Structure formats: C-alpha cells, structure tokens
C-alpha cells in the first residue's frame, strides 16, 4: 500500500516553525486561493462555516457546474441559477453585485453565458471575505501545508519497479512515491553522457517548460532531483505508451484508426499545442511516436528538448531541427519561422492515424533523406478512400506548403481552426474540462536487455544543483488530495 516509515514524516509542524515563510510567498488572492488546490479548499471551508458568505459560495459552485455540464441539461440549469441568486425576493440573493451585472446576467444565452458574472463574484471575493480569511485559523493552516511542501523529498522517497522505455541518455522507470502510494514515471539522464554529448541546454529547456506549464494535455513535472550518477524527472505516468505502437503493432492485418478515434486524439493535441503557443513556445517535435496514451484513453504530448521560447519582441526563429518527413517546407528552405511548423506536423500525424502510412512515402518504402526532402517541397498528396470529405479537407488545410495560407494559431488562439466541420460532433468545452468519455478504452496490452557502458568542474556541479530544484507545488497539492492524506491530516479540535 505504502511505506509506514515515510508516511510518518508527513505531519503538520507547530506554528512557531512557519514564521520565515511569510516573506518568501505570494499572498495575492488569485495565486493562493484560486490557483493552488489546497489554498482553494481551505478558502472554501472558511466561506462554508462563516455563513454570511454562503450566498457567494453556492453561486460560485453553480457557475462551475453550469460551465462543465452537457448541452441538453444547460437550459434548465441557467433558469435555476437566475431564480436562486438573482431575484430580489430570493433567499440566496447576492446584494454585493452591482446593478449592471445583475441586469445583464438575466437575459439571453450563448456558448459563454455567466463569464462576466463569474468575474464579478471573484472580484467581490478578493476584498472583504479574503481580508477576513487571512485573520482566520484557515490561513494559518495554509502555512503549515506550505512548510511541509518545502521539506526535502529526494531519491530515497521513490521505489523503481519496472522499465517503461529507453531514451538517448538513460531509461524511464515506473515508480512509486513511498509515502502516499501514487504512481509516476521517472526519466533518468546520465551525467557523464550528457556532458560528452553537449546536451545540457536541451535537458534544461525540457525541465523549465514541464515545471511551469499546467495542462491536462501535456505531461506534468512533479519532482526534480539528482543522485550521484543521474538527473531525474518524476512525471505523469502514461501506461499505454505511444500512439504509433497502436497504429501498427496491435492489429497487423488491418492497421490504422477508425475516424471518430482519430478526430478525438486530434482535438486533444490541438489544445496542448495551444497552451504552448499562448506562452510563446514552439514545440518542434510533434509526431505519433511522441504522443502518449493513459489508462482511461486520454492523450498528451511529450519530449520537449527541441523546443524554443521566443524572447521579448521576437516573433520568429531559425534552425534545422526535427525528424525527416515531419519538417515543413519553410524550415527545409532555411527561412525564419514561427508556430507554423507545428501545424504542418499535425497534418502529417492525422494523415498517418487514418491511412497507416505517410503522405510522402508508401508503407515500408525506403527513401534516403535527400529524396524525402524533394518530395515534401514539390509533391501533391493523394488520398485513398479511407478518408471522408471532411478529413481530406482538414489535412489539405494543414499540409499546405505556403505558411501564409496554412490554418493554425492567430490573434491569441486556435478558435478559427476549431470551427472546421471535422469537429462538428466534438464538445470543445467538455473536452477541455476532462469530461468526455473517450470512444476507445485500452484493452489487454500491458524491453530487451542490453548491458550498460573524467572528473567534473564547478560549471558542471553548479548546473546540476540548479536543474535539481525540488518539489513542484501544484502537482504535490493534488497528490496529497487524491491519495487521501489531506483528508486525514486536515483536522481540528
């Protein structure tokens, strides 16, 4: 189940020890009470047991419920919400709202009703209620948790029990957090090998990006430490492995996906792309081999070592990186580029899910890289009849050789791409919240042995200590909640 010796080191400290922390933390409302899972829970208990804020809590909860409920149910839920909180003679009536918002909220509909009302409620909650919360026993308890979150939790706390895969710098293991029982993947990078092959920069960029981005469509970093021989990244476990295995290696006679399945994965990859592009990051390594699948049947993107973060007032970059057959014409030509290259590789990826072969070579054909580059620059793609009219069109709109014409990310978003007929039966709102059932669930399917193969300077040592930054806060708080430890220790008397 879990190790009693490591479970017994999760205990709340006496308050005296939490003094210093006050200075080191952001005590802003958005950052503490909305973005940190344990902060939100505690804030919500305060609002629940101080009953004058009761009307504001239940309106908050009923908006989130409306936002993620499915189409047929929404019309009735809107009517309920209006009546409960927005009629003057109602019991849970929200006086604190201003006359305009109150008025505007009681009329019409749309794909985002009550988004202005949700801002008005958070705006209110950030003033008096928040101020009183800081004077309460619940804020003090927040500090106890943030202290425990900061204690050292390195190599000794994880048990490796099986090999999941092999990368360029070492193995990736399935492992267990000893105190809570939770399962993760741990990717190992050999230090001596990283040095001789000049891979520091690629390793650091991947770790920086996986720490700061928080999306259900990209693998999440929970811990980063060092051992005497390796650097380690502990991250979301994806037990189904890569999407490419599933195209070719399961049904040999009849490879490829049915169309509804191919569309669903396409929609999840677009959301992850969007979360990268909103932060000015270019991925540069999208392919079936790097899209992974979990026990429930959802996917995420991985392998971020080829990525580039655009600096202040830079809109394009140069550089020859990627996998032949996935690199767009503008890149092959030596031009400057932006997000365009990611949307071409998305075209190649959908094509292969449906057809079980690439658009520029027959299945099991052998082509030297120089010939494959000429094909991408000049060849028209042909489409066999496994494609519908909609999926043919969508692929043509991404594989388009002129990036000025290609569909993708513009004016802050992928909302133009989302309206394509291909997606007509997909509920974007529900997909983004994690509440569609995937139309395939992983059935019965769950590594050959090989052997293994200069002192360091302070430059190397100091680089290793900077890489090994410790525990990421949002994922740690989730672990504590999911596994039941929050429930057992968050008690008073």
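Numbering follows the first chain given and starts at 1.
Relative to the deposited sequence, how many residues with no modelled coordinates occur between residue 446 and residue 447 (none, 1 to 3, 4 to 9, 10 or more)?
Gap between residue 446 and residue 447: 4 to 9 residues without coordinates.
When the C-alpha temperature factors are averaged for each of 270-278 and 159-167, which stretch ends up with the higher value in the entry?
Mean B over CA atoms: larger for 159-167.
Return whichever of 483-491 and 1-9 has the greater mean Cα B factor according to the PDB record.
Averaged over C-alpha atoms, the B-factors run higher in 1-9.
Return the residue from 210, 301, 263, 73 that has the highest Cα B-factor in the entry.
The listed residue with the largest C-alpha B-factor is 73.
Compare the CA B factors listed in the entry for 183, 327, 134, 234 and report the winner.
That would be 134.
Ranked by Cα temperature factor within the chain, is residue 339 in the lowest third, the middle third or the highest third?
It falls in the bottom third of the chain.
Sorting the chain's modelled residues by C-alpha B-factor, tell me whether residue 49 ends up in the lowest, middle or highest third.
Top third by C-alpha B-factor.
Could you look up the Cα B-factor of residue 362 in the entry and say which third of the chain it sits in: lowest, middle or highest?
It falls in the top third of the chain.
Could you tell me which third, lowest, middle or highest, the C-alpha B-factor of residue 352 occupies within its chain?
Lowest third of the chain for residue 352's C-alpha B-factor.
Is residue 323 in the lowest, middle or highest third of its chain when residues are ranked by C-alpha B-factor?
It falls in the middle third of the chain.
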